[PDB]
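# part one of the complex, untouched from its place in the assembly:
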Amino acid sequence: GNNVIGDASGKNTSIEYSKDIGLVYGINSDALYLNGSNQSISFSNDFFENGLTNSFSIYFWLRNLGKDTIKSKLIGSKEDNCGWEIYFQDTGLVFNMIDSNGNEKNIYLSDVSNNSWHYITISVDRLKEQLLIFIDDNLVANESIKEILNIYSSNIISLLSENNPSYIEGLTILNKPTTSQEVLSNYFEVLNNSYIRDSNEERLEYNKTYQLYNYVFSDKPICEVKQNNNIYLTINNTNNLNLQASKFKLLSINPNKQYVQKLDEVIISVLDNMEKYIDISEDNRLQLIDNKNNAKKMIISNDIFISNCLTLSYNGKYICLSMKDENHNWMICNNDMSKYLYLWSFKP
Amino acid sequence: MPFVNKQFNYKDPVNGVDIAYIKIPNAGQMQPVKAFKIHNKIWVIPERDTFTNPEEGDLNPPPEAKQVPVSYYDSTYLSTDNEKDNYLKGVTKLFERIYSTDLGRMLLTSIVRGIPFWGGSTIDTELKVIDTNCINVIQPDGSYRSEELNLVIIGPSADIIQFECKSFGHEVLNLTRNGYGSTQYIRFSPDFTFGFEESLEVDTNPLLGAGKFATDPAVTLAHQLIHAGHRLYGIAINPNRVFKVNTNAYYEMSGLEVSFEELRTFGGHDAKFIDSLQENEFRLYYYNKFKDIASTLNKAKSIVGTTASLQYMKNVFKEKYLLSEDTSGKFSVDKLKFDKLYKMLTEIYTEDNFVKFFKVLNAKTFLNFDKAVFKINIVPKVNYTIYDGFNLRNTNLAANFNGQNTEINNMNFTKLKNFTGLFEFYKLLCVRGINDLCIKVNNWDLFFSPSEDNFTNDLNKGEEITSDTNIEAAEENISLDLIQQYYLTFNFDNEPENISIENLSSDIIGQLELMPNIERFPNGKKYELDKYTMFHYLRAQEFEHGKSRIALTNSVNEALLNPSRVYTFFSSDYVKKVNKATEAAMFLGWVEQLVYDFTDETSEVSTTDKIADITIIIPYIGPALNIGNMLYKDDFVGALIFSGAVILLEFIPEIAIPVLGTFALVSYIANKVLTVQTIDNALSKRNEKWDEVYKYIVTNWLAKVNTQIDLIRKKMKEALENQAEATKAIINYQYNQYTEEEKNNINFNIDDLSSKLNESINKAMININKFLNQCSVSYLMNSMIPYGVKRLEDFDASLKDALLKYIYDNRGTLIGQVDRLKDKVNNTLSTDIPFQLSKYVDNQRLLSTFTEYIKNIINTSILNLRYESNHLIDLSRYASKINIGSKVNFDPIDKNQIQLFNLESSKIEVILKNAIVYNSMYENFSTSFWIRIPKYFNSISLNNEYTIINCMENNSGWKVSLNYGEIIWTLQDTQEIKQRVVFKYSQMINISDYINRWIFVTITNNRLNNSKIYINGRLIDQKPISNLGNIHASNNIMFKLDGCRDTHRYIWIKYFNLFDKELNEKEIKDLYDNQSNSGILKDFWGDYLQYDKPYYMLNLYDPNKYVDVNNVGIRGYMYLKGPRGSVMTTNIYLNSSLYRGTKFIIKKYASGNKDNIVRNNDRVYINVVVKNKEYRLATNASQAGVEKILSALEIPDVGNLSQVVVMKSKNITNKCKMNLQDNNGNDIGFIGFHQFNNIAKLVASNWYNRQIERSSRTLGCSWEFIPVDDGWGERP
Amino acid sequence: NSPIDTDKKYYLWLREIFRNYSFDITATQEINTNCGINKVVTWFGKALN
Amino acid sequence: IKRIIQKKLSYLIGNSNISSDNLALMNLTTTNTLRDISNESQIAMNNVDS
């Protein structure tokens, strides 16, 4: 009967948030959800006003429900057209950093508002006059801030997220600059907490409806087709042959366990006329069948360095796509394909 | 499923189908030659080329030597039938190796179905074959059959190693450039290969071999096959498109001839030397050529000269060119399909991608010119395999590309004289009277300076933004998954038939396609210079082999004017030490000091925190190549910090980015939709403009700047090699000066010293590669990109003004939306598109840097013992032999954990490869493993040393032994001089981190300084081993308790590793944290935390307390009670009682599998054992106070109380956390303790959730599960 | 130089002062000793003679 | 270092053409800069200790 929001830095950080802000699990911990209309949260600290010589770092996990594209304030310490602000704009973010003399840094980061989690990192280094901006594991901006002098702003940082309902997790502010290694280390550590994720890097759930995509054919969904009066799975090679995308639901051996984890034994269900279950044929090729008892239990895992993709195996033989055949690329259980063919992803 | 479906021998009788004498097109009359059809449209003629070109019917050398770096001539080569059989089998083997790979399979398939076009008919309504695309095959009955084909492989011309694609041309058609295509004849020899120098791979392979590396012939064949594939589809780039170079400066080369076709064929960074403008130009040109072919097929009405139907030929060419056939049968070229085909033939068919597929070492660029020629023999399977090449698997040749090293795999490569003699093409550089001192500098040792006209652009040409203005897609870098995407949609089914064609004439008449007349670039051009050049500094470090003692000298002058003087950029103290006469008794210590100083100076790195994009600086680069100017190395460091990377360049490159072409917007009256679409298209084309200028700057950087840095890097490698060779020469003179008696008493192996200097140079080159790469990237980021960004911002300002005027002009049309469009324009154009290097260059992804570090650690392991499938094997590339004893016990839960008892049958033997056994005096090496040593109980273990790991041979080698609280490492040379290092842990301690717990042991051995022993990643002890001589380890490593007098003694051990280098503290810490299995919780001893297992409890804040239960029920509680007490055996052990207090049992709640292993974030129940019976840990979350007192309840009485526990594993991974949660998924808090009056009760507290991980305040909720173990074994 | 008159000029001066003092007071250099690698303070010798 | 910075600051506030509100902003920024200088000095003392 309570939602606890606080600061664990041990400093004099004062937090004031709207009473009705919800918490939903994100990557590692619960994340604040802002509805974008009346929910906001402010952090107060004498260090947040920045200045002329202080170096600092900002990093957080953001998942935006990017409906609109107008310039809206997301988060920043802005007062007398001075300081810094991250805005929502177009398909992504905009970093604005302006000083008391008028020198400005307006940088557009593209492709962030795809309703998927992203790890945003900003590092302002005054000793080296260097600005670093990272999204996920890529260094998206390296700039020289030799021209930016005094960004003395308010001692409050106001997370507003105007006009865009969004999720924010793990907001962390440091008084030192960040190196690219540190960004990669934080990203990859936080990412593997034994949980499997969907296309949006949200936790994979049992008994939920998804659509399956292969890493190589990221935009071609997995569909179903009949060959010898029993039904198999393949991708849509012949452009829109009207093979509609198949509906997938994972089932665990446990009545409980809403969420999928590493090394889990799962069975796959497909919403055809009846609930069709996944089985391995004699030619190592996957097929849909009628009876639950014959469904094969596969062990599900993922790669540490690919955040939104997962792997499936049966008796050590992993699941991938076959060669051109019909033209149809069959789902097969074989270990003689390239590594990139074994990564799959689910989209709700 | 082989590409060549028949075993071909040169003495096989002719049959006229696949083995027969043939005559191909020729200038006049040609003698028929025996040829073999190895695949459809693929013939091989094991004959020297004296017939394809009538001007080259002579195998003797040409009148003037070819202007190529490496050339070899032998008029007797490929004359005997044995040579021809060897040639045929080698070509067959190379074709099989290419076809085995995915990319090569696609390449050969595309070559086969790319039949040359039937464009020989003068009448547009007919299809006539071209004679020059066919051959005549003599049948046994004496008749000849004319047959069309695609590819012929023949031997080389006069120059044996000059491989190229030839094709017979046409009277008016340029078959290789009009989309038609012609039959391709490739000059190739599989009995010879090139030899090149490489230093980039030391970052991932620090054990790289020394000297030259040999190119895999399969790569060269694939290169020529890609040329043939470009020519067969008629998309070969015009051979007069040449990357012009400046040849006027003293540092610039006298001349270079490279074609745009060759750059396209290479791929990687070489293909990026071409700007995007000319690439689009080429694509559209060949697109319209394909459309020409489509229209020719459409207007066709009949076929001539064959029995095959017209429709069949139309279908064949439809599949060759991927033409789209409509409902009426008319052919057309789809832009999408042509994109796929052109991209596959040009950007995927590259030498770089074949290098990636073949897994062999090869030059990253064409500017890494070849340096030698080697005779080879690839036919025997013991020398070369279809799947591995020279790098034979499970051998010494598999690792570090040692199969391609001409010195390690020396029996496979025989050096031959380079007919391009020394300094054949050169420049004469003279220093003005410091008379003149002049040096000849080889042409290919000079600087590649691309001309400005190569980088043409229309950035200054404005565009007209229309509502129909097309927005372009991305330009995806050719990655392996895209290659797989094309591989999975590739059609390997259809192969064109070998149809019956009308017989041609007996002698096919035809000549090759005309080559442009190339001028021999000037040679021997003399330059008069006022300053010593980098070439002079590099030349001063060279010397000639002989008897005379060469002496080092810091005066470049004196070194240049004396053969017996060698310049060195080292300190003057080094010069004095090396040049001194050393006595015999002091020889070995002298050599050791010289090695130490060499490694110290070469590995010298100065970190800087003052400039942004550069973090390290190597100072000796200053005096090594006279980079910049001035006296000391401090000048180099200071000037590098002050000026930037520009000092490293030999010529300042022009980066000329003009005013960007403004957009002109067309006006649509009374039309809202098309006007807003025009605005949006203008903004999108602006984004495209940002990307275009960025790409142009990256191309200019790759061609003008990065090449200079690469040459500097190569010359640094050369300078280090020169210094090492000079020092070795002086040391070996000194050794040979002795009477042979002193030479008997001193065991000196100069090859060992050469090795040692080689890996010292490898480390120095790791540092140099990192530094010079950083310099090149810094110059791109700071000195060239900003000119762009300025021009781009000016373009944004102009576009903003033009747009705002456009919107205010259509103010009536955009009624109401004036504000929204104004805001869109202002906000989009007020920002900057940041330049991301990972977008345009494949090298600079951060994940690849992490991968490089991990690989560098991995590739140093000469032995890696791991349990895979059902056997314990060696995961190293050497793949040593493992003999497992009958009584070796593997843990059923974690089979990597090996138990060794004090029995003769409980033993593990590793038979090492002969190339990885230790026999040296200078080679550093390391070992690491996890060991669990049980507590000692008997006094017989007192003063009883027993070996567990043995690598001793005749009292020489190394051993790991154990004693009472002692882990002992013992090194011993062949002279029985031995050194021991020890880690001591006491058994007289309350709670021990080592007794019966998993311990990560690491021993590093620097042959010059010390042997160090680390425990759990922390340095523990060190002993000087510099006084040790030659050590000869054992051919096998023995894991067995040897000499242990305790009959019941055993050990546990896992993750053994033997490395060929000295690990530093950082690397050992990385290994310790890597091998921790951080995803799985651990018990107190270090094993896997398990379900349904009773564990006594420890609290890490107060280890002297144990969990006890005051009373069972909701009204009771559990608290920490002390003291634990002490268990002891006098003079042996005195420890705190670990089996005291209540027990916990972890129960599965939401487990998705059945393995009884508690992983991280597992939702579990917890039972409490009181009076040997289980209760449930639970609490009432609705009681007042954040601290919720925990209680042990009857299992049927829990009801709806808070019981769901989330487990957490924090780093071994001994630290365990337990977050309590009710049945609604809410947090109750972590389980620790809180003070109520006297008693510290077990409490779920949400205050722990408010604390950052690893903080001291989290040590109260950190727990240690202790199960009963036979290594501890006190009374439960 | 011209004496500081605008607030910008003072910001430039103060930033350079801070950066130079930062580089001076935090000057370290890693060296090899018989005990291993040590992070030596650069100015120590000039500080206490 | 702090005395030099404070002397220059006080001199500029005493006699210069900068606007009063600007001078106030400068005072605030200089206070934060002194905090940063103290942090750097602390780093230096930790370095000498180690």
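Happy to help now that I have it. Numbering: from 1, shown residues only, chains lettered A, B, ... in the order given.
# for residue B:1135, what is the enclosing helix or strand?
strand B:1133-1136 (DSSP states H and E).
# restricting to C-alpha, output that strand in CSV.
Coordinates of the C-alpha atoms in strand B:1133-1136 are reproduced here as CSV (Å, rounded to 0.1, in the frame of the first residue of the first chain):
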residue,chain,number,x,y,z
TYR,B,1133,43.4,-26.4,14.2
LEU,B,1134,41.3,-24.1,16.4
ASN,B,1135,38.3,-22.6,14.6
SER,B,1136,34.9,-21.2,15.3
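# which elements pack onto that strand?
Taking 3 or more C-beta pairs under 8 Å, 6 or more residues apart in numbering or on different chains; DSSP states H and E as contact, the helices and strands that strand B:1133-1136 lies on are strand B:1126-1129. Bear in mind the C-beta positions are built from the backbone N, C-alpha and C, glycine included.
# what comes up buried for the strand it packs on?
Of the residues in strand B:1126-1129, those scored as buried under the neighbour-count criterion (16 or more other C-beta atoms under 10 Å in any protein chain shown) are residue B:1127.
# so who does the residue in the stretch 951-1100 of chain B that chain D sits nearest to touch?
Of the stretch 951-1100 of chain B, the residue with the smallest distance to chain D, taken as C-beta to the nearest C-beta, is residue B:1065 at 14.5 Å. The contact partners of residue B:1065, by C-beta atoms under 8 Å, 6 or more residues apart in numbering or on different chains, come to B:1014, B:1017, B:1019, C:36-37.
# look at the nearest residue to residue B:15 once chain neighbours are set aside and tell me its secondary structure.
Distance criterion C-beta to C-beta, 6 or more residues apart in numbering or on different chains; nearest residue to residue B:15, sequence neighbours excluded, is residue B:140 at 6.8 Å. Residue B:140 carries the three-state label coil when classified by DSSP: H, G, I helix; E, B strand; the rest coil.
# quick check, residue B:281 in a helix?
Yes. The secondary structure assignment for residue B:281 places it in a helix, going by three-state DSSP.
# and it, how many neighbours?
Using other C-beta atoms under 10 Å in any protein chain shown, residue B:281 is surrounded by 13 other residues.
# slot chain E in:
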Amino acid sequence: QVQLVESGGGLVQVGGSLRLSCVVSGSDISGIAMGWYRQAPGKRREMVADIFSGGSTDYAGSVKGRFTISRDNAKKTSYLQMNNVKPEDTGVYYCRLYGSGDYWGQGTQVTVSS
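Adding chain E to what we have so far:
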């Protein structure tokens, strides 16, 4: 829409010279190759010359050394200078812009008379 308009064709005596020109409207023709083809009566339209935006030229066999193809990107025009004409050079000459479409001209007749 892109438009190609040729001009300069006429009848010409053996060994004479004739200049063909072609102007473009609707595209900048920067970084776009151009070409001149000819169609003889009853034969297929054949390539005569090609010129790239950088200025590189590529000729056919029967036409090399007698014809010269040039271009001006600024004036958006392609030229074909025919020197030492021979009776085989008679036919309809067409200009082509190797662009996003099959951009052809109307065609102008050249007749070599003797």
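# same question on the neighbour count of residue B:281, but now with chain E added
The burial count for residue B:281: 22, using other C-beta under 10 Å.
# with the one 4 residues further on instead?
Neighbour count of residue B:285, defined by other C-beta under 10 Å: 23.
# do a quick rundown of the helices in chain C.
Per DSSP state H, chain C has helices spanning C:7-25, C:44-48. These are given in chain order.
# most packed of those helices?
Sort the helices of chain C by mean neighbour count, taking mean count of other C-beta atoms under 10 Å in any protein chain shown, and helix C:7-25 sits at the top with a mean of 18.
# what's in contact with that helix?
In this structure, residues lying in contact with helix C:7-25 by C-beta under 8 Å, 6+ apart are A:52-53, A:100-101, A:126-127, A:149-150, B:609-610, C:4, C:43, D:1, D:4-5, D:8-9, D:12, D:18, D:22-23, D:25-26, D:29-30, D:33, D:36-37, D:40-41, D:43-44.
# how about stretch B:1206-1217?
With contact meaning C-beta under 8 Å, 6+ apart, stretch B:1206-1217 is reached by B:998, B:1073, B:1076-1082, B:1084, B:1086, B:1089, B:1100, B:1146, B:1158-1164, B:1218-1221, B:1230, B:1253-1254, B:1258, B:1261-1265.
# residue closest to the middle of the chain?
You didn't say which chain, so I picked chain A. The residue at the geometric middle of chain A, judged as the C-alpha nearest the mean C-alpha position with C-alpha atoms, centre = their mean, is residue A:117 (2.8 Å).
# that answer is for a different chain, and I need it for chain D
Within chain D, one residue has its C-alpha closest to the average C-alpha position: by C-alpha atoms, centre = their mean, that is residue D:30, at 3.7 Å.
# check whether stretch B:782-801 contacts chain A.
Yes. Stretch B:782-801 comes into contact with chain A when judged by C-beta under 8 Å from any C-beta of the partner chain, the residues involved being residue B:782.
# hmm, who's touching that stretch?
Residues lying outside stretch B:782-801 but in contact with it, judged by C-beta under 8 Å, 6+ apart, are A:144, B:612-613, B:644-646, B:655, B:657-660, B:662-663, B:682, B:686, B:689-690, B:693-694, B:696-697, B:700-701, B:705, B:825-826, B:829-830, B:832-833, B:835.
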